[PDB]
file start_31.cif (mmCIF, C-alpha atoms (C1' of nucleotides))
data_input
loop_
_atom_site.group_PDB
_atom_site.id
_atom_site.type_symbol
_atom_site.label_atom_id
_atom_site.label_comp_id
_atom_site.auth_asym_id
_atom_site.auth_seq_id
_atom_site.Cartn_x
_atom_site.Cartn_y
_atom_site.Cartn_z
ATOM 1 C CA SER D 1 67.394 38.623 19.136
ATOM 2 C CA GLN D 2 64.962 36.707 21.331
ATOM 3 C CA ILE D 3 64.306 37.734 24.916
ATOM 4 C CA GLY D 4 66.799 35.222 26.319
ATOM 5 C CA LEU D 5 69.693 36.332 24.139
ATOM 6 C CA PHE D 6 68.894 40.000 24.746
ATOM 7 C CA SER D 7 68.587 39.344 28.486
ATOM 8 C CA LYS D 8 72.009 37.720 28.304
ATOM 9 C CA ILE D 9 73.369 40.778 26.492
ATOM 10 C CA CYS D 10 72.171 43.233 29.126
ATOM 11 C CA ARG D 11 72.834 40.836 32.047
ATOM 12 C CA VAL D 12 69.243 41.287 33.221
ATOM 13 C CA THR D 13 66.333 38.981 33.985
ATOM 14 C CA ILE D 14 63.727 37.937 31.447
ATOM 15 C CA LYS D 15 61.096 38.997 33.991
ATOM 16 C CA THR D 16 62.568 42.505 33.907
ATOM 17 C CA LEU D 17 62.069 42.729 30.134
ATOM 18 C CA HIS D 18 58.555 41.300 30.494
ATOM 19 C CA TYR D 19 57.703 43.894 33.145
ATOM 20 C CA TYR D 20 59.219 46.700 31.065
ATOM 21 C CA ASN D 21 57.274 45.724 27.948
ATOM 22 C CA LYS D 22 54.178 45.663 30.161
ATOM 23 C CA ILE D 23 54.566 49.182 31.577
ATOM 24 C CA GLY D 24 55.472 50.567 28.135
ATOM 25 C CA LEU D 25 59.106 51.523 28.705
ATOM 26 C CA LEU D 26 61.395 49.564 26.341
ATOM 27 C CA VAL D 27 58.775 47.856 24.211
ATOM 28 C CA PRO D 28 60.501 45.358 21.878
ATOM 29 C CA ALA D 29 61.035 46.064 18.209
ATOM 30 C CA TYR D 30 59.112 43.086 16.856
ATOM 31 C CA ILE D 31 56.401 41.110 18.646
ATOM 32 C CA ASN D 32 55.723 37.893 16.760
ATOM 33 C CA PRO D 33 51.929 37.946 16.301
ATOM 34 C CA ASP D 34 51.636 34.160 16.109
ATOM 35 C CA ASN D 35 53.332 33.057 19.338
ATOM 36 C CA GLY D 36 53.930 36.402 21.063
ATOM 37 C CA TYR D 37 57.718 36.012 21.010
ATOM 38 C CA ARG D 38 59.538 39.254 21.823
ATOM 39 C CA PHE D 39 62.468 40.052 19.519
ATOM 40 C CA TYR D 40 64.909 42.842 20.329
ATOM 41 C CA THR D 41 67.420 45.078 18.530
ATOM 42 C CA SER D 42 70.442 47.167 19.502
ATOM 43 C CA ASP D 43 68.152 50.227 19.571
ATOM 44 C CA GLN D 44 66.561 48.536 22.562
ATOM 45 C CA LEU D 45 70.001 48.040 24.029
ATOM 46 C CA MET D 46 70.519 51.793 23.719
ATOM 47 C CA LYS D 47 67.175 52.520 25.351
ATOM 48 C CA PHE D 48 67.856 50.035 28.158
ATOM 49 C CA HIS D 49 71.293 51.570 28.764
ATOM 50 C CA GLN D 50 69.772 54.887 29.738
ATOM 51 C CA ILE D 51 66.930 53.126 31.573
ATOM 52 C CA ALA D 52 69.501 51.391 33.755
ATOM 53 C CA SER D 53 71.530 54.596 34.101
ATOM 54 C CA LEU D 54 68.489 56.377 35.519
ATOM 55 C CA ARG D 55 67.451 53.376 37.622
ATOM 56 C CA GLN D 56 70.932 53.405 39.168
ATOM 57 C CA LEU D 57 70.322 57.066 40.123
ATOM 58 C CA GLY D 58 67.299 56.146 42.243
ATOM 59 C CA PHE D 59 64.511 57.295 39.941
ATOM 60 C CA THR D 60 61.354 55.276 40.305
ATOM 61 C CA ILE D 61 60.132 53.516 37.181
ATOM 62 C CA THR D 62 57.112 55.790 36.760
ATOM 63 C CA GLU D 63 59.531 58.706 36.970
ATOM 64 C CA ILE D 64 61.529 57.058 34.194
ATOM 65 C CA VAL D 65 58.463 56.648 31.961
ATOM 66 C CA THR D 66 58.148 60.451 32.069
ATOM 67 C CA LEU D 67 61.889 61.299 32.092
ATOM 68 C CA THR D 68 62.880 59.353 28.981
ATOM 69 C CA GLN D 69 60.278 60.706 26.556
ATOM 70 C CA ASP D 70 59.580 64.171 27.980
ATOM 71 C CA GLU D 71 63.287 64.938 27.751
ATOM 72 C CA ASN D 72 62.890 68.625 28.608
ATOM 73 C CA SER D 73 61.534 67.923 32.097
ATOM 74 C CA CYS D 74 64.338 69.252 34.291
ATOM 75 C CA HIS D 75 62.669 69.989 37.645
ATOM 76 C CA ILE D 76 62.521 66.246 38.393
ATOM 77 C CA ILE D 77 66.295 66.059 38.736
ATOM 78 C CA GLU D 78 66.755 68.807 41.309
ATOM 79 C CA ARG D 79 63.630 67.316 42.907
ATOM 80 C CA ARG D 80 65.228 63.864 43.069
ATOM 81 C CA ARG D 81 68.412 65.529 44.352
ATOM 82 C CA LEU D 82 66.635 67.307 47.212
ATOM 83 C CA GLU D 83 64.741 64.091 47.993
ATOM 84 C CA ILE D 84 67.996 62.089 48.179
ATOM 85 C CA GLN D 85 69.555 64.836 50.316
ATOM 86 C CA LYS D 86 66.670 64.579 52.769
ATOM 87 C CA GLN D 87 67.004 60.779 52.829
ATOM 88 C CA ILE D 88 70.783 60.930 53.382
ATOM 89 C CA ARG D 89 70.432 63.468 56.204
ATOM 90 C CA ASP D 90 67.899 61.132 57.803
ATOM 91 C "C1'" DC I 1 -39.456 30.263 54.875
ATOM 92 C "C1'" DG I 2 -40.410 33.375 50.772
ATOM 93 C "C1'" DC I 3 -39.735 37.677 48.486
ATOM 94 C "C1'" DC I 4 -37.497 42.838 47.861
ATOM 95 C "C1'" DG I 5 -34.198 46.205 47.921
ATOM 96 C "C1'" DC I 6 -29.268 46.581 48.562
ATOM 97 C "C1'" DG I 7 -24.201 45.384 48.246
ATOM 98 C "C1'" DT I 8 -21.071 43.581 44.840
ATOM 99 C "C1'" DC I 9 -18.878 41.854 40.637
ATOM 100 C "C1'" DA I 10 -17.761 41.660 35.665
ATOM 101 C "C1'" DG I 11 -17.661 43.520 30.390
ATOM 102 C "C1'" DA I 12 -16.878 47.269 27.163
ATOM 103 C "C1'" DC I 13 -12.094 48.482 18.450
ATOM 104 C "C1'" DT I 14 -5.958 48.026 15.720
ATOM 105 C "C1'" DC I 15 -2.014 51.110 11.891
ATOM 106 C "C1'" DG I 16 2.281 55.828 12.510
ATOM 107 C "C1'" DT I 17 4.959 58.825 16.366
ATOM 108 C "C1'" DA I 18 5.558 60.290 21.397
ATOM 109 C "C1'" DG I 19 6.790 57.884 24.731
ATOM 110 C "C1'" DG I 20 8.405 58.478 32.330
ATOM 111 C "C1'" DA I 21 7.881 60.701 36.451
ATOM 112 C "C1'" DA I 22 9.075 64.583 38.405
ATOM 113 C "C1'" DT I 23 8.208 65.483 47.211
ATOM 114 C "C1'" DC I 24 9.839 63.425 51.540
ATOM 115 C "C1'" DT I 25 15.558 61.230 53.442
ATOM 116 C "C1'" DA I 26 21.586 60.588 60.621
ATOM 117 C "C1'" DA I 27 25.924 60.157 62.829
ATOM 118 C "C1'" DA I 28 29.784 58.397 65.241
ATOM 119 C "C1'" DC I 29 31.941 54.668 66.182
ATOM 120 C "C1'" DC I 30 33.904 49.807 65.484
ATOM 121 C "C1'" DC I 31 34.796 45.507 62.780
ATOM 122 C "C1'" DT I 32 36.226 42.262 58.813
ATOM 123 C "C1'" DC I 33 37.349 41.662 54.033
ATOM 124 C "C1'" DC I 34 39.148 42.874 49.625
ATOM 125 C "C1'" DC I 35 42.112 45.307 46.631
ATOM 126 C "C1'" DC I 36 46.058 48.417 46.159
ATOM 127 C "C1'" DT I 37 50.739 50.171 46.357
ATOM 128 C "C1'" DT I 38 57.635 48.902 44.306
ATOM 129 C "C1'" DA I 39 59.916 46.499 40.658
ATOM 130 C "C1'" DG I 40 59.736 42.579 39.525
ATOM 131 C "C1'" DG I 41 60.432 36.941 41.408
ATOM 132 C "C1'" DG I 42 58.755 32.326 41.257
ATOM 133 C "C1'" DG I 43 56.109 28.750 39.413
ATOM 134 C "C1'" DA I 44 52.274 26.122 36.818
ATOM 135 C "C1'" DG I 45 50.431 25.171 32.691
ATOM 136 C "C1'" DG I 46 50.740 25.145 27.984
ATOM 137 C "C1'" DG I 47 53.321 26.244 23.350
ATOM 138 C "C1'" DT I 48 57.183 26.671 20.174
ATOM 139 C "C1'" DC I 49 61.945 26.240 17.785
ATOM 140 C "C1'" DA I 50 65.291 24.362 15.610
ATOM 141 C "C1'" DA I 51 68.488 19.919 16.354
ATOM 142 C "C1'" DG I 52 68.531 15.842 14.505
ATOM 143 C "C1'" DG I 53 67.262 10.040 15.313
ATOM 144 C "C1'" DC I 54 65.093 6.489 12.385
#

call {"tool": "encode", "arguments": {"input": "start_31.cif", "output": "structure tokens"}}
result
Amino acid sequence: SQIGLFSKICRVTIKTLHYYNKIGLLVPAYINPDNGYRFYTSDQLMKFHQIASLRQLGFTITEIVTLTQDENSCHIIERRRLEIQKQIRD
DNA sequence: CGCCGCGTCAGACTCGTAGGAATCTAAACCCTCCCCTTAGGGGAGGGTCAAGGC
């Protein structure tokens, strides 16, 4: 699935997928070496689902690039919770 | 104007590897300019992919 079809699946911008492939989170399955076309798979839909689930929780993207591969990191969730509590009280 | 001692200037072998020279040293202010930070958006410029139309 090309980047337009996949972007239509997730209801997200093509620029979002470009940015994500740039920062390393959600790199596509197959990069066509001739023209650079990004092709995607449902395994990328499953990675993007949790990416969006964490993004909807307020985690910054560089927090996500640590949270989704170093799965055992647990202090960053009570940390984000105390940070949101301080922001809400303010 | 001529000659004599003095000031000055210019020259002085080709192969390998080692192989350089090593001291000394304002600070507190202000300014502009350039790049940087999210999480991507927007566009320009340039390519690429299947459709067919003759």

call {"tool": "residues_around", "arguments": {"input": "start_31.cif", "residues": "segment 42-45 of chain D", "least_positions_apart": "5", "cutoff": "10 Å", "atoms": "only C-alpha atoms (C1' of nucleotides)", "output": "list in words"}}
result
residues 1, 6, 7, 9, 10, 26, 27, 28, 29, 50 and 51 of chain D

call {"tool": "resolve_selection", "arguments": {"input": "start_31.cif", "expression": "the PyMOL selection byres ((chain I) within 9 of (chain D))", "output": "MDAnalysis selection string"}}
result
chainID I and resid 38:41 47:48

call {"tool": "closest_residue", "arguments": {"input": "start_31.cif", "among": "D:59, D:53, D:39, D:89", "to": "residue 77 of chain D", "atoms": "only C-alpha atoms"}}
result
D:59

call {"tool": "atom_distance", "arguments": {"input": "start_31.cif", "atom1": "atom CA of residue 67 of chain D", "atom2": "atom CA of residue 25 of chain D"}}
result
10.7 Å

call {"tool": "atom_distance", "arguments": {"input": "start_31.cif", "atom1": "atom CA of residue 33 of chain D", "atom2": "atom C1' of residue 45 of chain I"}}
result
20.8 Å

call {"tool": "atom_distance", "arguments": {"input": "start_31.cif", "atom1": "atom CA of residue 12 of chain D", "atom2": "atom CA of residue 66 of chain D"}}
result
22.2 Å

call {"tool": "resolve_selection", "arguments": {"input": "start_31.cif", "expression": "the PyMOL selection byres ((chain D and resi 80) around 12)", "output": "PyMOL selection string"}}
result
chain D and resi 54+57-60+63-64+67+74-79+81-87

call {"tool": "closest_residue", "arguments": {"input": "start_31.cif", "among": "D:4, D:47, D:34, D:52", "to": "residue 69 of chain D", "atoms": "all atoms listed in the file"}}
result
D:47
